[PDB]
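Worksheet: one structure, shown below.
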Amino acid sequence: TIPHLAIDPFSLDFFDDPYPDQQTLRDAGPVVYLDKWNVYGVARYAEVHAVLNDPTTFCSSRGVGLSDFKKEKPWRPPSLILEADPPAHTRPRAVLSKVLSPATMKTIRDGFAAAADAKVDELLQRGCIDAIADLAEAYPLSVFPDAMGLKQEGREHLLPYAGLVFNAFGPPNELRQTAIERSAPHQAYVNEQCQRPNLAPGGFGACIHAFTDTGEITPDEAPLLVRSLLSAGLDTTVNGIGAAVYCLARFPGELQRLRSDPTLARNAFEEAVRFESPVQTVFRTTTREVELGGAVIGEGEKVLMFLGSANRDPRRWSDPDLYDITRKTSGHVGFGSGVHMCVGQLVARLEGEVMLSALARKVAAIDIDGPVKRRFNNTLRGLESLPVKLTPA
Ligand code: HEM
Ligand SMILES: O=C(O)c1ccc(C2CCCCC2)cc1
Ligand SMILES: [Cl-]
């Protein structure tokens, strides 16, 4: 009843061009079985949305990667938020929500915007830049570590640790094994920066530790919740902003619309998240036998959600393969959906908005002028190098 496919969604060929195989996954049926890894897959918007919004049946405490924490040891102690279910999930989630609150955004927005304008001004002086290293990476590295309260020394561990975290969600292929092989120095740095004395006053890290006396979290929970932000808070925005610049570089018509109305910056970034879906995949584990799309999935089965495919499903979207900065993007699953929906999305959207605003006001053209190189990761989709010439407005 359930179609079996040999597609490996974690193969380099798949990463290089996932869209044909993602259509094959969608059109094979609402639920597929991936013989390569012995997991169920759902690639249509409807089933992805349904799974995300049934956390009781499709739990996260057994891991949101391929590995089932009930069968294998997690590569690191489980996250108190991402890898927890209600009710254990609820209070750690509330703390991170209050830490990354609208009030916090108001306190940091002006500095985030000034740094975005400064970076674009700097880049325009060079003209020919690499939109990854020099922008998508450089800008978040210029605001997020400081907003965390991190010291200067050791920040070079942040992106490697994030690449490790996101490769570790995948199956035990070479990408994952190599990441874990090299993990020790990055884990050691990150774990140490999670301790309260190492997080500067007023930043996100210190705010988490200050929240340890309300009865929501205890002091021994704060370090791992800092770990959550050092895991998820940087590499995601790098690939989000990279996605948006890549979109504007490829669709000059949309850059021209953005220039004509910079208030479209926030939705242009939201559309980029839908269009590229920097986070491609997430797993759940069934806690019971469950019917999904006519298939009977047993208990303790891994279910792979194709967020990027759901965000290009023509059953949900009109012209899903077009980048449209005035599209009504509400409902895309690029940030997830339901109780685990990205708790840091206000930070993500703030960075993306102020960067696209800087580009909208200061840049007239973005032309690819060198070889584009893709970056391969079991969970993240993005580029390694994006040579562009920036023409000033
Ligand atoms: C474009 C940027 C980002 C994208 C595309 C993204 C994507 C996602 C997605 C899809 C989830 C759901 C995971 C699941 O359902 O299992 C998630 C959760 C999460 N994200 Fe984001 N994220 C981004 C930025 C950020 C930032 C900036 C932070 C922190 C500053 C952050 C922290 C988290 C955390 C802690 C969770 C777990 C929330 C929970 O389990 O309740 N993310 N993210
Ligand atoms: O350590 C954590 O708590 C943690 C780590 C990684 C993530 C990812 C964010 C982007 C979507 C996939 C999951 C979320 C939380
Ligand atoms: Cl770790």
Side-chain angles (χ1 to χ4, degrees), residues 10 60-84 88 92 95-96 99 137 140-141 144-200 203-209 212 217-239 278-279 281-283 340 342-344 347 375-380 382 384:
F10 304 100
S60 297
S61 67
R62 289 169 68 167
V64 297
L66 170 68
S67 180
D68 182 348
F69 293 177
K70 200 176 167 195
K71 306 173 180 297
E72 295 173 289
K73 179 189 200 59
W75 73 274
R76 62 174 185 169
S79 165
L80 300 181
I81 184 176
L82 178 76
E83 291 156 343
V95 172
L96 288 191
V99 169
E137 292 180 0
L141 279 172
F144 181 72
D146 288 322
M148 283 296 310
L150 294 180
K151 69 180 183 179
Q152 291 297 321
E153 183 183 4
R155 290 182 184 186
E156 68 276 359
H157 291 288
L158 290 170
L159 289 179
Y161 183 81
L164 158 67
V165 168
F166 283 92
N167 274 321
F169 294 124
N173 58 16
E174 188 277 336
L175 280 173
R176 182 180 201 276
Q177 299 182 270
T178 295
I180 289 173
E181 274 173 11
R182 305 167 180 174
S183 56
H186 311 311
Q187 294 188 244
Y189 158 85
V190 167
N191 288 333
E192 182 57 29
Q193 312 317 308
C194 294
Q195 290 289 325
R196 185 167 196 170
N198 303 329
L199 296 157
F204 301 161
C207 180
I208 294 167
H209 282 279
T212 55
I217 63 173
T218 54
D220 64 285
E221 294 181 279
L224 272 214
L225 285 172
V226 179
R227 202 192 64 175
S228 287
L229 302 193
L230 297 183
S231 301
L234 185 71
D235 211 3
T236 50
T237 63
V238 173
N239 288 284
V279 180
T281 46
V282 183
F283 290 85
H340 289 279
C342 178
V343 76
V347 176
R375 180 176 290 166
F376 296 130
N377 184 272
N378 277 330
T379 304
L380 291 171
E384 165 73 20

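Numbering starts at 1 and runs along the sequence shown. Atoms considered below: every heavy atom in the structure, side chains included; atoms not considered: hydrogens, waters and symmetry mates.
- Here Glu83 pairs with nothing under the side-chain hydrogen bond (donor to acceptor under 3.5 Å, both in side chains) rule; sequence neighbours left out.
- A donor-acceptor distance shorter than 3.5 angstrom exists from the side chain of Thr237 to the backbone of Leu234, with no hydrogens or angles considered.
- Contact of the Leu230 side chain with the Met148 side chain is registered, since non-hydrogen atoms from C-beta on lie closer than 4.5 Å.
- Of all the heavy atoms in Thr379 and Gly170, the pair that sits closest is OG1-N, 4.4 Å.
- Contact of the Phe169 side chain with the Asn378 side chain is not registered, since no non-hydrogen atoms from C-beta on lie closer than 4.5 Å.
- Classification of the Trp75-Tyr161 ring pair by plane angle, with boundaries at 30° and 60°, yields tilted.
- The shortest side-chain heavy-atom distance between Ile208 and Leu96 falls under the 4.5 Å cut-off.
- The side-chain heavy atoms of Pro223 and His209, taken from C-beta on, include a pair separated by under 4.5 Å.
- In plain terms, the two heavy atoms of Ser228 and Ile81 that are nearest each other are OG-CG2, 3.5 Å.
- Looking only at distances, a side-chain donor or acceptor of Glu221 sits under 3.5 Å from a matching main-chain atom of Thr218.
- What you find for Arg155 and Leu150 is that their closest heavy atoms are NH2-O, 2.9 Å.
- The only option from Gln193, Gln187, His186 that meets the side-chain hydrogen bond (donor to acceptor under 3.5 Å, both in side chains) definition with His157 turns out to be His186.
- Of all heavy-atom pairs between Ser60 and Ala84, the closest is CB-O, 4.1 Å.
- Under the 3.5 Å distance criterion, the side-chain polar atoms of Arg196 are left unmatched by any main-chain donor or acceptor of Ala222.
- No side-chain donor from either of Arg176 and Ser67 sits under 3.5 Å from a side-chain acceptor of the other.
- With sequence neighbours excluded, the residues satisfying salt bridge (charged side-chain N to carboxylate O under 4.0 Å, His left out) with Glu137 are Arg375.
- The OH atom of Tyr189 lies 9.5 Å from the CG atom of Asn198; values are rounded to the nearest 0.5 Å.
- For the pair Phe144/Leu158, no side-chain contact is recorded, criterion being any heavy-atom separation below 4.5 Å from C-beta on.
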Practice item. Please test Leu164 against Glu181 for side chain to side chain contact (heavy atoms under 4.5 Å, CB included), starting from the C-alpha separation and ending with a verdict. Key: CA-CA 10 Å; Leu164 158 67; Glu181 274 173 11; over 6 Å; no
Exercise for review: Take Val190 and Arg227, measure what side chain to side chain contact (heavy atoms under 4.5 Å, CB included) needs, and give me the verdict at the end.
Suggested key: CA-CA 7 Å; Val190 167; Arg227 202 192 64 175; 4.1 Å; yes
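- Proximity of a side-chain donor or acceptor of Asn239 to a complementary backbone N or O of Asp235 within less than 3.5 Å is detected.
- In this structure, the side chains of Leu159 and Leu141 come closer than 4.5 Å at one or more pairs of heavy atoms.
- For the pair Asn377 (side chain) and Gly163 (backbone), a donor-acceptor distance under 3.5 Å is present.
- Across every non-hydrogen atom of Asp68 and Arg62, the tightest pair is OD2-NH2, 2.7 Å.
- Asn173 and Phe10 make their closest contact through ND2-O, 3.4 Å (heavy atoms, listed as atom of the first residue, atom of the second, distance).
- Remark: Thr212 engages no residue in a side-chain hydrogen bond (donor to acceptor under 3.5 Å, both in side chains) (not counting sequence neighbours).
- Using a 4.5 Å heavy-atom cutoff, the side chains of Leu66 and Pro172 are in contact.
- Taking SG of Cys194 as the reference point, atom CG of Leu225 lies at 9.5 Å (rounded to 0.5 Å).
- The 12-atom threshold is exceeded at CD of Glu156, counting heavy atoms of other residues, nucleotides or ligands nearer than 6.0 Å.
- Taking 4.5 Å as the limit, every side-chain heavy atom of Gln177 sits out of range of all side-chain heavy atoms of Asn167.
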